[PDB]
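What follows is one chain in structure tokens, specifically the form deposited in one PDB entry.
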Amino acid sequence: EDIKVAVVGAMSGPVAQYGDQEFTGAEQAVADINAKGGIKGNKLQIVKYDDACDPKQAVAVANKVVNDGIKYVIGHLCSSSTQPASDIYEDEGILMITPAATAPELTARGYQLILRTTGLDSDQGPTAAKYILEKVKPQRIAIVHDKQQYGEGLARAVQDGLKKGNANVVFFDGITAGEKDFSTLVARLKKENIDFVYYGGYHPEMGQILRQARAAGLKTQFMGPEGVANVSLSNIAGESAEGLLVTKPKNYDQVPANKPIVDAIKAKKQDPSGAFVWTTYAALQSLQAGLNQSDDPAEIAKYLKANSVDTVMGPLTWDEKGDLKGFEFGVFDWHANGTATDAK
């Protein structure tokens, strides 16, 4: 008796790279879980939904999953898409485990059916600020963001951290997502003699900013969050991407015990390097542990909050609001060839 589980993310649109990672991880996890007998004999069946990381489409998707009678959701991805959908799932009694939404508010509203297999920006932001203050020590900082929940949330947190540390933040400003011309911004960076920029947002904009800043001869050091640490960023910025600092989850694809999964994904000519491949795979393993205990969403959530689950990300333990305990974002140097190495 097949068990349907919705896998929701940006399958199309400007940030479709995130959905590619998610689906890659989900497909392999389901194949692996089914290969070993499924859940008590029952196989998992993935039902794909595209919310394009758009808040309006996310609501349309959430209502559809409810209508389709699906009780378990692996997603969504972007915070501004995941938040309005979580409202619906919680009211309808649907379990939702997000492998990528990082805005803190999602789990600060008393909801009982939401969990994450990624960290919090209340940790990612401070991690970036601390590194900037202790290791980089720039003279004239600018903080830029795309005016969307994720990016502006991180930008304000970093701003707060730098202010508390008495760093010199010259200006803070936002740009519009989808914009391709950043000549005004780069000119402001040049006029202001900015040596370091923290950008809160996704790869499409970051890529354009990097390529355009370098084209104008800026030697400015840039830093971004996990949303810009992926191959698409390198595709867009090319050479202009080397030297970029990013905060992101550990390289799970490099832990020895995960090699069989890496090989399986490479054999299908898919890319196993993206962080969301692993947070999504771990989300399915978490759901699996829960389903072995009960098919009721509320019972699964209770079980996961009371017991650890060993996954491709190592043992996961959740607190009462559905967040991972002890999760850490690391600081890495990003390279034009799409890889990341531990920062110094």
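Residue positions are given as counts along the sequence shown, with the first one as 1.
On average the C-alpha atoms of 231-239 have higher B-factors than those of the other stretch, with 231-239 and 92-100 being the two compared. For the pair 104-112 and 254-262, the mean Cα B-factor is higher in 254-262.
Ranking 147, 156, 214, 71 by Cα temperature factor from the entry places 214 first. As recorded in the PDB entry, 187 shows the highest C-alpha B-factor of the residues 85, 187, 120, 129. Looking at the C-alpha B-factors along this chain, the one for residue 152 belongs to the lowest third. Per the PDB record, residue ranking by Cα B-factor puts residue 333 in the highest third of the chain. Ranked against the other modelled residues of its chain, the C-alpha B-factor of residue 195 as given in the entry falls in the highest third. Residue-level temperature factors show residue 39 in the highest third of its chain, judged at the C-alpha atom. Looking at the C-alpha B-factors along this chain, the one for residue 225 belongs to the lowest third.
Just so it is clear, the following notes concern the form deposited in another entry, a form of the same protein that is not shown.
The residue from 73, 249, 25, 58 that marks the hinge of the rigid-body rotation between this form and the one not shown is 249, the others lying more than 12 positions from any hinge.
By 3 Å or more, the C-alpha separation between residue 255 and residue 129 shrinks in the other entry relative to the form shown here. A change of 3 Å or more separates the two forms for residue 316 and residue 128: their C-alpha atoms lie closer together in the other entry.
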